[PDB]
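Remarks on the structure that follows.
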Amino acid sequence: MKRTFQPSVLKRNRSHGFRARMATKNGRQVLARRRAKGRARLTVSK
Amino acid sequence: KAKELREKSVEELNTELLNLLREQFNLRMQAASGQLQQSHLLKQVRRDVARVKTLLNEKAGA
Amino acid sequence: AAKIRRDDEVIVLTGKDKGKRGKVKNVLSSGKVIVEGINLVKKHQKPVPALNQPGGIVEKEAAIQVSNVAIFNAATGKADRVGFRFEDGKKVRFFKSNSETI
Amino acid sequence: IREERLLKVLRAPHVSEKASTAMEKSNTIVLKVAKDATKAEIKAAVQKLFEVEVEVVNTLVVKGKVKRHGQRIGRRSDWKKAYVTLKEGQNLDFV
Amino acid sequence: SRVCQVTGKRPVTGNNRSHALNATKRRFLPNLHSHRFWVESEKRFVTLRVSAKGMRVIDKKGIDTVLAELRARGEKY
RNA sequence: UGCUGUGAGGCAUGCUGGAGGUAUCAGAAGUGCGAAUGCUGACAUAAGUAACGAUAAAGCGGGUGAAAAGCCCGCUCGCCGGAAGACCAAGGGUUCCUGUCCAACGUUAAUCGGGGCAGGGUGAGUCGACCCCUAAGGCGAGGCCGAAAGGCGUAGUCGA
RNA sequence: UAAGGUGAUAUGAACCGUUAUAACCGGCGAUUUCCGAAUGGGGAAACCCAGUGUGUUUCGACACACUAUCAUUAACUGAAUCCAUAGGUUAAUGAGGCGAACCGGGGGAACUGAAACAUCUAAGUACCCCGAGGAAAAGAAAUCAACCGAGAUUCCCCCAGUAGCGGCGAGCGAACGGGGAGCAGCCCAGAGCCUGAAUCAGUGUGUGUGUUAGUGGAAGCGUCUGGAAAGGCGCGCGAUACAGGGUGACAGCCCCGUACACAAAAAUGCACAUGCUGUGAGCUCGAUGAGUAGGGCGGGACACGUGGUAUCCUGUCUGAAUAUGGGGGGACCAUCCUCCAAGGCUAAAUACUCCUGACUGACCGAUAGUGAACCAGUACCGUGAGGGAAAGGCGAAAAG
Ligand SMILES: [Mg+2]
Ligand SMILES: [Mg+2]
Ligand SMILES: [Mg+2]
Ligand SMILES: [Mg+2]
Ligand SMILES: [Mg+2]
Ligand SMILES: [Mg+2]
Ligand SMILES: [Mg+2]
Ligand SMILES: [Mg+2]
Ligand SMILES: [Mg+2]
Ligand SMILES: [Mg+2]
Ligand SMILES: [Mg+2]
Ligand SMILES: [Mg+2]
Ligand SMILES: [Mg+2]
Ligand SMILES: [Mg+2]
Ligand SMILES: [Mg+2]
Ligand SMILES: [Mg+2]
Ligand SMILES: [Mg+2]
Ligand SMILES: [Mg+2]
Ligand SMILES: [Mg+2]
Ligand SMILES: [Mg+2]
Ligand SMILES: [Mg+2]
Ligand SMILES: [Mg+2]
Ligand SMILES: [Mg+2]
Ligand SMILES: [Mg+2]
Ligand SMILES: [Mg+2]
Ligand SMILES: [Mg+2]
Ligand SMILES: [Mg+2]
Ligand SMILES: [Mg+2]
Ligand SMILES: [Mg+2]
Ligand SMILES: [Mg+2]
Ligand SMILES: [Mg+2]
Ligand SMILES: [Mg+2]
Ligand SMILES: [Mg+2]
Ligand SMILES: [Mg+2]
Ligand SMILES: [Mg+2]
Ligand SMILES: [Mg+2]
Ligand SMILES: [Mg+2]
Ligand SMILES: [Mg+2]
Ligand SMILES: [Mg+2]
Ligand SMILES: [Mg+2]
Ligand SMILES: [Mg+2]
Ligand SMILES: [Mg+2]
Ligand SMILES: [Mg+2]
Ligand SMILES: [Mg+2]
Ligand SMILES: [Mg+2]
Ligand SMILES: [Mg+2]
Ligand SMILES: [Mg+2]
Ligand SMILES: [Mg+2]
Ligand SMILES: [Mg+2]
Ligand SMILES: [Mg+2]
Ligand SMILES: [Mg+2]
Ligand SMILES: [Mg+2]
Ligand SMILES: [Mg+2]
Ligand SMILES: [Mg+2]
Ligand SMILES: [Mg+2]
Ligand SMILES: [Mg+2]
Ligand SMILES: [Mg+2]
Ligand SMILES: [Mg+2]
Ligand SMILES: [Mg+2]
Ligand SMILES: [Mg+2]
Ligand SMILES: [Mg+2]
Ligand SMILES: [Mg+2]
Ligand SMILES: [Mg+2]
Ligand SMILES: [Mg+2]
Ligand SMILES: [Mg+2]
Ligand SMILES: [Mg+2]
Ligand SMILES: [Mg+2]
Ligand SMILES: [Mg+2]
Ligand SMILES: [Mg+2]
Ligand SMILES: [Mg+2]
Ligand SMILES: [Mg+2]
Ligand SMILES: [Mg+2]
Ligand SMILES: [Mg+2]
Ligand SMILES: [Mg+2]
Ligand SMILES: [Mg+2]
């Protein structure tokens, strides 16, 4: 039936995109944790 | 080179630079057409360019 | 500071060629040398039409560890070990036994 | 425009059946150009370097394919293609 | 924030110890007021947010002194 | 495999293996496994069983080929037709088209493919995005507020 | 430094070089697209749109530079409203972000224990937030002692699981005193005299010393076994070098090295030297931190749960004395002793390792050891925060 993931790009990027993280203290802490674990990509970007 | 180029004025270094540009354009135009036997040339010119540029800078720099 | 070089005549200390003498073609980075008439292998070559290469078993020369070859003293007829001194201002090689320059 | 930039624009002739077709029938040549060059600069650069008259330059961008080499997934680089219209006037040839 | 511009009093923390001594977090706020003071030499009314304490101290020191310590500490009045 | 010890064990030795092992007396322990619906990998079992995804349906001739019920060609048959047709947005990202290959993938074979490998392919003053303008909503110089982080909001500046 | 080279998977092509412009190693340089504090405006990161000023050029457009906020100082401007302030614009100087642990401050749990549970405990821990440095913090007595005395702080070992605290339960837990590591004291709250006179900071130079490339660097043959000797057997030699690694098995004497002895054009770390500029010595006479000490009320910190509870901190309400003075000495009072609050700076011994080098291990050896010996924070799973693998070995040589 209608499942849980109905994808949208504009949605995806406003919610989790780079800039969206950088907006806030918490977000920059996420990006800190990721850079510390050494991910391939931090956020969802194209 | 690079002693040789060092003793030339800035104008002359700009004419050589324009000439190397043509030559490098020509060379990769050949290589793009698959008619180029020696690829050894590209590197030759591609690097010489840099040499020239690196001089222009220090003649302006000081 | 490299002891064995191109075109030195050497004698082979170790392997199936032990005792044989020859001339160095070239050196490789891994500390391997390739010597004339030395360490022939029989290699199988799939015929290649582009290079007009026939097939067959080609005897080729396979690299030998440079520890295993000694620089051949022609004076003494013996294998030697090599050392370095400064003659003129230039760095030069000599034989340890008769201490003569090369 | 400066000429120094120009000589850096045009990478290579594009060779293919479509290319040959337009070159013969419509009097048009096909170029791989630097990803960042524009219709202005390509018009300029052909008119300058091949010394022939350009009418108009149409362009597109080719996304490189995705490949596998030994299980590894790579991405061929993008690039820009330019259809370059010459007026019926000039005739450009292959010696 | 609630901060006395004079004495620098700030909110501090402590407890309610009830009759059964159940300890519960709480704060003690400074007692603060927005007030207009007459500066003669400037011929003007400066408005500071100050505790009762602060006011008293302004009476003791004079307002010139106090404002001198506000330019000294480098906080805007 | 043979011998020996009350027992955990020990010794010798045929094949395999192709470079490390270790007496004696001491020392230190990640020191001994069948169970924990134990943890990982491997291989069983049911069993060559159930199942092969809509009860719209197939038949023949020729071609290709190692091999054709399924691929291409032709001929009849049958199903959808307010769709099982045609065009977009979203979403995907090369799946498009050609040649070539058949291990794995395709619930069977596959010569076929949305599979593998190589090449080609997307041409705009006037179609969209960009851009101009704002909605809800967001961010927000100063400003108000707040233990700190921060919250609210003015001028603005974004947002289809 | 050099006879070889053009990084790897990875051959080859095309070349460069062999006595020093091939390559390689280090020192200083040049370049350093775009995103990102991101800083000209915006933005769905790696993009979209500009403004101003120079500079061309056939005059089609191109090049190049500047343009964020905020703090401070200056300059000019400048309302209500006369002076004035606010405000506005330009300019110079700095800040913003990132980062392992350690550090100081601001907030601050619960599980748990108590064989239930509320005081208590866990614990001022986890965690959040701010700030800082290579250390920080602390620090020159309004300190303790006991009628004898000590002489700032920090750290280690005792004292001592004692004195005490505590639903006197569970628990928590000193100090005085002693041995040690280390040791260093200063300035402002002001005048005069002699003045650049101690110190300290900035900068050159010299030598010396470390670092960042490097150079040399001992002495072995025969014979059997074997695919191959470094192994067995025989005779030698080196050792300030028998650390360790590699070579067709297990090499002091084959190669790299190792002990030992050396070297810097240039950049940098520390030392004295010396010059310099800035910083002020010394002496004499003064002076001596008020909404503070204490108090009332409410909390917190002291081992110390309001208790007989001193001592410190302060949200609140108050409120003195000024060396003819004040504080402390575990309620409190007198006597005796000691000390000077309400101003500020200070090395060392101490804690830590994102990171560099060397050495080591009764540490592991691929289900172990890091999640990660392998192109791993990868594939893959999740909208997201996050989760998170599997996977080593032909041989001497590819002779594949
Ligand atoms: Mg057109
Ligand atoms: Mg287009
Ligand atoms: Mg690429
Ligand atoms: Mg509690
Ligand atoms: Mg065997
Ligand atoms: Mg065997
Ligand atoms: Mg054993
Ligand atoms: Mg034992
Ligand atoms: Mg065990
Ligand atoms: Mg078992
Ligand atoms: Mg059992
Ligand atoms: Mg089961
Ligand atoms: Mg397995
Ligand atoms: Mg099963
Ligand atoms: Mg079965
Ligand atoms: Mg059955
Ligand atoms: Mg049946
Ligand atoms: Mg079934
Ligand atoms: Mg059946
Ligand atoms: Mg089916
Ligand atoms: Mg057929
Ligand atoms: Mg048929
Ligand atoms: Mg069928
Ligand atoms: Mg048909
Ligand atoms: Mg119908
Ligand atoms: Mg949708
Ligand atoms: Mg699309
Ligand atoms: Mg594909
Ligand atoms: Mg197709
Ligand atoms: Mg096809
Ligand atoms: Mg199949
Ligand atoms: Mg079949
Ligand atoms: Mg088959
Ligand atoms: Mg395909
Ligand atoms: Mg339109
Ligand atoms: Mg709005
Ligand atoms: Mg603000
Ligand atoms: Mg807001
Ligand atoms: Mg707008
Ligand atoms: Mg938009
Ligand atoms: Mg629209
Ligand atoms: Mg910008
Ligand atoms: Mg805009
Ligand atoms: Mg911006
Ligand atoms: Mg006026
Ligand atoms: Mg900072
Ligand atoms: Mg940190
Ligand atoms: Mg702390
Ligand atoms: Mg606290
Ligand atoms: Mg509790
Ligand atoms: Mg309990
Ligand atoms: Mg704290
Ligand atoms: Mg300090
Ligand atoms: Mg005394
Ligand atoms: Mg002591
Ligand atoms: Mg050496
Ligand atoms: Mg040596
Ligand atoms: Mg062996
Ligand atoms: Mg000096
Ligand atoms: Mg007084
Ligand atoms: Mg008090
Ligand atoms: Mg008081
Ligand atoms: Mg009373
Ligand atoms: Mg009280
Ligand atoms: Mg009690
Ligand atoms: Mg009592
Ligand atoms: Mg007191
Ligand atoms: Mg008292
Ligand atoms: Mg007493
Ligand atoms: Mg005093
Ligand atoms: Mg004092
Ligand atoms: Mg194993
Ligand atoms: Mg593992
Ligand atoms: Mg395994
Ligand atoms: Mg994903």
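Rule-based calculations on the coordinates, nothing more; no lab input. Don't worry about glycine lacking a Cβ; one is built from the backbone with ideal geometry, like all the others, and counts go over all protein chains shown.
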Add +1 for every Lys or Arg and -1 for every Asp or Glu among the other residues with Cβ under 13 Å from the Cβ of B:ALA31, and state the total. +4
Semi-axis lengths, Å, chain C, gyration tensor of Cα atoms, sqrt of 5 times eigenvalues: 33, 16, 10
Cut-off under 18 Å on the C-alpha distance; same-chain residues fewer than 8 positions from E:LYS60 excluded. Which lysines are left, in chain and number order? E:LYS9
Taking 7 Å along the Cα-to-C-beta vector as the label spot, tell me the C:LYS43-A:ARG14 distance in nanometres, rounded to one decimal. 6.6 nm
Would you kindly work out the equivalent ellipsoid of chain A from its C-alpha gyration tensor and give its semi-axes, the square roots of five times the eigenvalues, largest first in whole Å? 23, 13, 9
Kindly flag which residue pairs out of B:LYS43/C:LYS91; C:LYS25/C:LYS90; D:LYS39/D:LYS63; C:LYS60/D:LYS67 have an alpha-carbon separation exceeding 28 Å in this structure. B:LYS43/C:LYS91; C:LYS60/D:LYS67
Sites excluded, trypsin sites (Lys or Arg not before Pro) in DSSP loops with at most 10 other C-beta within 10 Å, longest stretch of chain E: E:1-42
Between 0 and 90 degrees, rounded to the nearest ten: what's the tilt of helix E:63-73 against the longest Cα principal axis of chain E? 70 degrees
Grab the beta carbon distance between D:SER20 and B:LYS1, set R0 = 41 Å, and tell me the FRET efficiency rounded to 0.05. 0.45
Pairs over 19 Å Cα to Cα, from B:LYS8/B:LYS59; C:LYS32/C:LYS96; D:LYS8/D:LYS35, come to C:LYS32/C:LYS96
Of all the Cα-Cα pairs you can form in chain B, what percent are over 18 Å apart? 39 percent
Label-point gap, in nm, between C:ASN68 and B:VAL10 - each point 7 angstrom along Cα→Cβ: 6.4 nm
Among the chymotrypsin sites (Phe, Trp or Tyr not before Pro) in region D:18-95, which ones are in a DSSP loop with at most 11 other Cβ atoms within 10 Å of the Cβ? Mind listing them? D:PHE94
Stokes-Einstein D (µm²/s) once Rh is taken as the Kirkwood radius of the protein assembly as shown over alpha-carbon pairs, at 4 °C in 1.567 mPa s: 39 µm²/s
Whole number please: convex hull volume per residue of the Cα set in chain E, in Å³? 99 Å³
Enter the angle in degrees (range 0 to 90, nearest 10) between the Cα long axis of helix B:10-32 and the first principal axis of the Cα atoms of chain B, meaning the one along which they spread out most. 10 degrees
What percent of all Cα-Cα pairs in chain D falls into each 10 Å bin, going from 0 up to the bin containing the maximum distance? 15, 44, 27, 11, 3, 0
Based on alpha-carbon centroids, what's the gap between chain B and region C:14-73 in Å, whole number please? 42 Å
If one takes the longest principal axis of the Cα atoms in chain E, at what angle in degrees, from 0 to 90 and to the nearest 10, does the Cα axis of helix E:52-61 lie? 30 degrees
Using 7 Å Cα-to-Cβ label points, what is the B:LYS59/E:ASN15 separation (nm, one decimal)? 8.3 nm
Of all trypsin sites (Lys or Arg not before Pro) in chain B, the ones in DSSP coil with at most 16 other Cβ atoms within 10 Å are B:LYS1, B:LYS3, B:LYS8
Sequence gap at least 6, Cα distance under 8 Å: using those rules, report the relative contact order of chain A to the nearest whole percent. 38 percent
